[PDB]
Each structure stands twice: as C-alpha cells, then as structure tokens.
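Asks: Take this structure, written in structure tokens, and hold onto it; I'll ask about it next.
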Amino acid sequence: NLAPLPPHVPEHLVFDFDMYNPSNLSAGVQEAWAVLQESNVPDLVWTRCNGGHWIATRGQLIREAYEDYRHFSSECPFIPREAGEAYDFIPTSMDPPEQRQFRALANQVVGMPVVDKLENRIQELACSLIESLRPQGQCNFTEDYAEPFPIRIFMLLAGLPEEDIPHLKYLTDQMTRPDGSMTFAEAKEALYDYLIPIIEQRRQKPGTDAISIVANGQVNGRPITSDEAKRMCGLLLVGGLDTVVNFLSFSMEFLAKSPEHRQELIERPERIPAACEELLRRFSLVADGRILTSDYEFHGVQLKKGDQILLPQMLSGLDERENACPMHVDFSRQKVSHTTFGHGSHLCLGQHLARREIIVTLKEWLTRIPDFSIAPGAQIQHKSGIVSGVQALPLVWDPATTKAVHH
Ligand code: HEM
Ligand SMILES: CN1CCC[C@H]1c1cccnc1
C-alpha cells in the first residue's frame, strides 16, 4: 500500500499513482498515465505508492530534468528504491562525464552503421514470419510476431542461441514488469549469471558478434573490464527483448482498430516512415527517471537529496501543451514532438534499429495482410511498468483478402 508521507512533502501535491498498476489501466495504458495530465493535477506530484517518489507530469518538466544531470542523477534510475540502487547497467546508471565514453562502444554494435548492414536480414525475417501466418487467418500477435521478430534479430546479432529466449525473456520482464516471484536484484544477477561465462569465453576466443565486440572493446583508449562488459551487455539484452517487442503490439492493436489509418498507408507507402514516428509518440512506453543529488528547489517544489523522481518518457508526447490533439493519431502531424527515446545525455542508441524494425513490420505486414482486426469479443488488456506492454493481442482476418508477396 502507501508509504508514510515525508516531512517536506506538501499534502496538496499527493496523487497516489501506481506505475506498476495504474487505476485507469483498462482504458489503455497510455490513457491511464494521462490522468496525471488532467487540468486539476499539478506539473510535479508525489505518490505514496511503491515506496514514494515524485512524478513530473509535463514535457517541459520532464525534458528539463533529463538535461540537468547535475541535480538529477541516473545512478538510481528506477522505482522502487531497491531496484534503482541495484541497477548498474552501462551506460544507463552513469552520469556525464563518466558515461559518455561508453556510448561510442555501444554504438559499435547497434549504431546506424550496423543497422544499415542488417536491413536485408531484418526484412527477410519479417516476411517469413508474416507469410507463415497469412494463411491461418489468425494469430496471437504477441507470441507469434512481436516477441520472435525483434528477439531473434538480437539473439542472432549477439551470438546467443534461440533456445535461450524463454529464460532470458522471463528475466528481463522481472526487471520491467515484475510478477512478484523475483526482486530486481535477483533477476539482474540471474542475467549476469548467464552472461559471465560467455563474456569470459568471448574474451578468450572472440567472434564478430555483439558480445565479442563489447567484451573486447575499448573506451577512450583503455580496454574495457570484464565487469563493465557485463553491465553493458545486460543493457543490450533488455533492449532487444523488451522494447520493440512491446511497441509493435501497441502499434498493431491501433492498426487493427483503425481500417482508416492502415488504408492511409497502403495507398501512400511513402508516409510509413512518418507514420512510425507518430505511433512512437502516441504509444510511447518507457518510464524511468533520476535521483536527487542535493536539496533543490524545482519549479517551486522543495525536493531533498535522495528523493527519487520518475520522469516518464511516455508523457512528453501525450502532453497537450506539446501536441494539440494528443490522443489522436494523425500521420500528417507537422511537428510530431516527443521524448520516446529519452532526452539528454542518455538518448537511446538503439532507436535506429528500433525504427527499421517498426518500419519493416508496417510495410511487410500491410503488404500481405491489409485487412484484419481484433478477434471476436476479445478485450485487449495492457500491462504497466518501467516498460509497458500488451498482455495479448489476438487478431483475425479473411485469408481471401490477403496476398502472398515474394521477398
Ligand atoms: C522502441 C524501442 C525502444 C525504446 C522506446 C527505447 C527507449 C530508450 C530510452 C527512453 C532510453 C533512455 C533512458 C534513460 O534516460 O535512462 C534508452 C536508452 C538506451 N537504449 Fe533504448 N529504446 C528502444 C530500443 C532499444 C534497442 C532495441 C536497443 C539495443 C539493442 C536499445 C539500447 C539502448 C541503450 C544502449 C541505451 C543507453 C544509452 C545511455 O545510457 O546513454 N534501445 N532507450
Ligand atoms: C530504462 N530503459 C529504457 C529502455 C529499457 C529500459 C530498462 C528497463 C529495465 C532494465 N534496464 C533498462
């Protein structure tokens, strides 16, 4: 339940929001979080849920905090406090100047250059999966495409066997949406337990895979340590297994419910890139933050050192003061504003890989199965957390309206 209110917190700023189980969850997870943006709610509130933590509710506040790493440190970036204290992935748990040097190395395995070179394989995997489903006329998109497409692309790049997916997927989820069987520390260590033997074997006999590059990598001329590689590889695992997988579900759900917007893409393919950006805004899904490094007065609110402050990357784009008709999906929006991939020194290094994956999915799915919808009488349940997702997305379509395309 609720944590006792700290001495310095004003009772008029208390809004008991629960990020792992928001009250208005059945209306759609993004809709649940938007309640923090209704007229009466202040720009910065305090929830007593999950141990108690501040919550910036507007883009202006969120963007500001992410830029000011001096007052807002990534050292303890997650809610609750035990999860953030135990979290030490690189570069996410570091602030500049220390974190900068590690980004370049990560870019060596997921940056635009590597992505450009993966295009052929990515499109090839997307098409096989889709054509594999096209004749059945149904599928549960979460397990049939959303998880396999991105995860297999990563497992491949990482030189990790596909049979290890179920185990790894489970562990990453305990970090973003814990079912209660594991603490944050336990899941993290279980992941490290998996990676350690591999980072050691890749440093003895390195291959060309992602982990080999990282384990034998150099940051600012000096060679990376075994511990650092572990912490960096753990972050890459989470990105390939619980980011795009969740996003594709939100996107296909919307498309399933809006024959209008899909038709807009089928008829005018060139706008798919722009459509992707708008879908990333409307269905943003990440929510992490920072921890106060000192007593600081922020927008009239007294914050004390050690206070945690959630800065939901998902809210900036939904903020009416940033986009005129927030909950409306308009592919022709002239200035699609958002912070879906973060803001500041920690801007997502995988976003380029993310976009190609989203764009390839839209182009290769719409080209084969243009007509489809939500299964008969199914009510789509969303899941909330550090990274929100879709519990299940069963779809259906008439095989006769589909077309077998050749890649
Ligand atoms: C649609 C999918 C994705 C979303 C929305 C997303 C979101 C984010 C966000 C918001 C951050 C910054 C968080 C913070 O400020 O603490 C971030 C960091 C990062 N992301 Fe992603 N990401 C996505 C996919 C990926 C993928 C697929 C990978 C790689 C396989 C990845 C790798 C990274 C890395 C390495 C960082 C750390 C950068 C740093 O610490 O400076 N992300 N991502
Ligand atoms: C805060 N991050 C942004 C993308 C993934 C997310 C995250 C979630 C769990 C563990 N590490 C990172």
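Here, A, B, ... name the chains of the structure tokens in the order displayed, residue numbers run from 1 inside each chain, and ligands are numbered from 1 in the same displayed order.
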List every residue of segment 92-326 of chain A that DSSP, applied to the backbone of this structure, places in strand (DSSP E), and write the result as an MDAnalysis selection string.
Replies: chainID A and resid 138:140 218:219 222:223 289:292 296:298 301:303 308:310
Asks: Can you tell me which residues surround residue 349 of chain A at a distance of at most 9 Å, considering only C-alpha atoms, apart from same-chain residues fewer than 3 positions away, and format the answer as a compact mmCIF listing (two decimals) with C-alpha atoms, in the first residue's frame?
Replies:
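Written output follows (part_33.txt):
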```
# COMPACT_ATOMS: atom_id res chain seq x y z
CA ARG A 103 28.26 5.18 -25.63
CA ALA A 106 27.73 0.53 -27.69
CA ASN A 107 27.28 2.34 -30.98
CA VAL A 110 23.81 -1.27 -32.51
CA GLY A 111 24.59 2.05 -34.21
CA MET A 112 23.29 3.17 -37.61
CA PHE A 341 13.70 7.50 -26.86
CA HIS A 346 21.16 9.18 -22.36
CA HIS A 352 17.85 3.44 -35.30
CA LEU A 353 17.50 -0.34 -35.02
```
Asks: Point out the residue among A:166, A:326, A:150, A:159 with the least atom-to-atom distance to ligand 1, counting only C-alpha atoms and all ligand atoms.
Replies: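 Of all the options, A:150 lies closest to ligand 1.
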Asks: Env of residue 388 of chain A: 9 Å cut, atoms = only C-alpha atoms, seq-sep filter 2 positions within chain, self excluded. Answer as a count of residues only.
Replies: 18
Asks: Could you list, as a PyMOL selection string, all protein and nucleic acid residues with an atom at most 10 Å from ligand 2, counting only C-alpha atoms and all ligand atoms?
Replies: chain A and resi 74+77-78+83-84+87-90+92-93+172-177+184+188+234-244+285-289+312-313+340-342+346-351+385-387
Asks: With only C-alpha atoms as the counted atoms, please give the residues lying no more than 9 Å from residue 405 of chain A, apart from itself and same-chain residues fewer than 4 positions off, as a ChimeraX atom specification.
Replies: /A:127,131,364,367-368
Asks: Excluding same-chain residues fewer than 2 positions from residue 281 of chain A, what lies within 7 Å of it counting only C-alpha atoms, as a PDB file with N, CA and C atoms, in the first residue's frame?
Replies:
```
ATOM      1  N   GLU A 277       6.853   7.461 -36.658  1.00  0.00           N
ATOM      2  CA  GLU A 277       7.168   8.489 -35.681  1.00  0.00           C
ATOM      3  C   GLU A 277       5.933   8.855 -34.861  1.00  0.00           C
ATOM      4  N   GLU A 278       4.783   8.967 -35.527  1.00  0.00           N
ATOM      5  CA  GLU A 278       3.529   9.311 -34.856  1.00  0.00           C
ATOM      6  C   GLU A 278       3.066   8.185 -33.930  1.00  0.00           C
ATOM      7  N   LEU A 279       3.295   6.943 -34.337  1.00  0.00           N
ATOM      8  CA  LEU A 279       2.931   5.807 -33.498  1.00  0.00           C
ATOM      9  C   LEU A 279       3.851   5.764 -32.277  1.00  0.00           C
ATOM     10  N   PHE A 283       1.997   6.056 -28.747  1.00  0.00           N
ATOM     11  CA  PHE A 283       2.141   4.853 -27.928  1.00  0.00           C
ATOM     12  C   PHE A 283       3.526   4.683 -27.290  1.00  0.00           C
ATOM     13  N   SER A 284       4.022   5.770 -26.714  1.00  0.00           N
ATOM     14  CA  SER A 284       5.300   5.776 -26.030  1.00  0.00           C
ATOM     15  C   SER A 284       5.142   4.784 -24.872  1.00  0.00           C
ATOM     16  N   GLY A 317       5.210  13.344 -25.168  1.00  0.00           N
ATOM     17  CA  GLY A 317       4.445  13.369 -26.402  1.00  0.00           C
ATOM     18  C   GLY A 317       2.926  13.396 -26.258  1.00  0.00           C
ATOM     19  N   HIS A 338       8.015  14.568 -29.015  1.00  0.00           N
ATOM     20  CA  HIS A 338       8.020  13.505 -28.006  1.00  0.00           C
ATOM     21  C   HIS A 338       9.414  13.236 -27.447  1.00  0.00           C
ATOM     22  N   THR A 340      10.124   9.789 -26.568  1.00  0.00           N
ATOM     23  CA  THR A 340      10.001   8.330 -26.543  1.00  0.00           C
ATOM     24  C   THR A 340      11.325   7.600 -26.381  1.00  0.00           C
TER      25      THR A 340
END
```
Asks: Need the shell around residue 134 of chain A: protein/DNA/RNA residues with any atom at most 9 Å away, counting only C-alpha atoms. Skip same-chain ones fewer than 6 positions apart. Format as a list in words?
Replies: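 Selected residues are residues 368, 369, 397, 399, 402, 403 and 404 of chain A.
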Asks: Could you save those same residues with N, CA and C atoms as a PDB file, in the first residue's frame?
Replies:
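Wrote it out as selection23.pdb, contents follow:
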```pdb
ATOM      1  N   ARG A 368       0.944  -7.689 -47.107  1.00  0.00           N
ATOM      2  CA  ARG A 368       0.438  -9.061 -47.186  1.00  0.00           C
ATOM      3  C   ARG A 368      -0.952  -9.268 -46.582  1.00  0.00           C
ATOM      4  N   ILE A 369      -1.198  -8.629 -45.452  1.00  0.00           N
ATOM      5  CA  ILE A 369      -2.466  -8.750 -44.756  1.00  0.00           C
ATOM      6  C   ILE A 369      -3.002  -7.357 -44.481  1.00  0.00           C
ATOM      7  N   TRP A 397      -8.396 -12.438 -39.627  1.00  0.00           N
ATOM      8  CA  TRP A 397      -8.548 -11.896 -40.972  1.00  0.00           C
ATOM      9  C   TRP A 397      -9.001 -12.982 -41.938  1.00  0.00           C
ATOM     10  N   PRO A 399      -8.439 -14.963 -45.105  1.00  0.00           N
ATOM     11  CA  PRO A 399      -7.313 -15.312 -45.979  1.00  0.00           C
ATOM     12  C   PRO A 399      -7.487 -14.782 -47.402  1.00  0.00           C
ATOM     13  N   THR A 402      -5.976 -11.432 -48.286  1.00  0.00           N
ATOM     14  CA  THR A 402      -4.519 -11.331 -48.153  1.00  0.00           C
ATOM     15  C   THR A 402      -3.843 -11.691 -49.473  1.00  0.00           C
ATOM     16  N   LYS A 403      -2.564 -11.339 -49.582  1.00  0.00           N
ATOM     17  CA  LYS A 403      -1.771 -11.667 -50.752  1.00  0.00           C
ATOM     18  C   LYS A 403      -0.347 -12.091 -50.423  1.00  0.00           C
ATOM     19  N   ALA A 404       0.005 -13.270 -50.933  1.00  0.00           N
ATOM     20  CA  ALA A 404       1.318 -13.847 -50.766  1.00  0.00           C
ATOM     21  C   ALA A 404       2.274 -13.014 -51.611  1.00  0.00           C
TER      22      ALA A 404
END
```
Asks: Work out how far atom CA of residue 360 of chain A is from atom CA of residue 152 of chain A, in Å to one decimal.
Replies: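 Taking atom CA of residue 152 of chain A as the start and atom CA of residue 360 of chain A as the end point, the length is 14.9 Å.
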Asks: Which residue, A:358, A:182, A:256, A:395, has the smallest gap to ligand 1 when you use only C-alpha atoms and all ligand atoms?
Replies: A:358
Asks: Which of segment 89-132 of chain A counts as alpha helix (DSSP H) under DSSP, as number ranges by chain please?
Replies: A: 100-110, 112-132
Asks: Quick check, in Å to one decimal: how far apart do atom 13 (C, counted along the ligand's line) of ligand 1 and atom CA of residue 343 of chain A lie?
Replies: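 Straight-line distance from atom 13 (C, counted along the ligand's line) of ligand 1 to atom CA of residue 343 of chain A works out to 7.6 Å.
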Asks: Looking at A:59, A:217, A:96, A:180, which one is nearest to residue 318 of chain A, with distances taken over only C-alpha atoms?
Replies: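 Smallest distance to residue 318 of chain A is found for A:59.
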Asks: Tell me, in Å to one decimal, how far atom CA of residue 145 of chain A is from atom 35 (C, counted along the ligand's line) of ligand 1.
Replies: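 Between atom CA of residue 145 of chain A and atom 35 (C, counted along the ligand's line) of ligand 1 the gap is 23.3 Å.
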Asks: Any idea what's packed within 9 Å of residue 62 of chain A, counting only C-alpha atoms, ignoring anything in its chain fewer than 2 positions away? Could you give it as a PyMOL selection string?
Replies: chain A and resi 56-60+64-67+289+310-313+315-316+339+343
Asks: Next, write the just-selected residues to a file, as a short mmCIF file (atom, residue, chain, number, x, y, z; two decimals), in the first residue's frame, keeping N, CA and C atoms as the atom set.
Replies:
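Saved to result_36.cif:
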```
data_model
loop_
_atom_site.label_atom_id
_atom_site.label_comp_id
_atom_site.auth_asym_id
_atom_site.auth_seq_id
_atom_site.Cartn_x
_atom_site.Cartn_y
_atom_site.Cartn_z
N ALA A 56 7.10 14.00 -12.47
CA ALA A 56 6.94 15.18 -13.32
C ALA A 56 5.89 14.75 -14.33
N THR A 57 4.85 15.55 -14.52
CA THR A 57 3.76 15.15 -15.40
C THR A 57 3.70 15.83 -16.75
N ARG A 58 4.58 16.81 -16.97
CA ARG A 58 4.58 17.56 -18.20
C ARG A 58 5.91 17.51 -18.95
N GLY A 59 5.84 17.64 -20.27
CA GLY A 59 7.04 17.62 -21.08
C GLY A 59 8.09 18.63 -20.66
N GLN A 60 7.71 19.89 -20.46
CA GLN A 60 8.68 20.90 -20.06
C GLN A 60 9.49 20.48 -18.84
N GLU A 64 13.46 19.06 -18.89
CA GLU A 64 14.39 19.82 -18.08
C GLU A 64 15.23 18.93 -17.17
N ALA A 65 14.55 18.04 -16.46
CA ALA A 65 15.21 17.16 -15.53
C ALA A 65 16.23 16.28 -16.22
N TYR A 66 15.88 15.77 -17.40
CA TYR A 66 16.79 14.89 -18.13
C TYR A 66 18.06 15.60 -18.63
N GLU A 67 17.97 16.91 -18.82
CA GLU A 67 19.12 17.67 -19.27
C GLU A 67 20.01 18.00 -18.10
N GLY A 289 13.55 7.40 -14.46
CA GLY A 289 13.82 8.75 -14.04
C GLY A 289 15.21 9.02 -13.55
N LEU A 310 10.48 10.15 -10.90
CA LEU A 310 10.10 9.48 -12.13
C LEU A 310 9.88 10.57 -13.18
N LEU A 311 10.44 10.38 -14.37
CA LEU A 311 10.29 11.34 -15.47
C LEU A 311 9.86 10.51 -16.68
N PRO A 312 8.60 10.08 -16.71
CA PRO A 312 8.08 9.27 -17.81
C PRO A 312 8.28 9.73 -19.24
N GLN A 313 9.15 9.02 -19.95
CA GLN A 313 9.44 9.32 -21.34
C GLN A 313 8.16 9.27 -22.15
N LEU A 315 5.17 10.44 -21.27
CA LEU A 315 4.29 11.59 -21.13
C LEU A 315 4.52 12.81 -22.02
N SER A 316 5.78 13.16 -22.29
CA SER A 316 6.08 14.34 -23.11
C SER A 316 5.25 14.43 -24.41
N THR A 339 9.47 12.39 -26.42
CA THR A 339 10.74 12.01 -25.79
C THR A 339 10.74 10.49 -25.61
N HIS A 343 15.82 11.67 -23.45
CA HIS A 343 16.22 13.05 -23.67
C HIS A 343 17.50 13.30 -22.88
#
```
Asks: When you count only C-alpha atoms and all ligand atoms, which of these residues is closest to ligand 1: A:251, A:99, A:138, A:258?
Replies: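 Smallest separation from ligand 1 among the options: A:99.
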Asks: Which residue, A:100, A:299, A:328, A:117, has the smallest gap to ligand 1 when you use only C-alpha atoms and all ligand atoms?
Replies: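 With only C-alpha atoms and all ligand atoms as the atom set, the closest residue is A:100.
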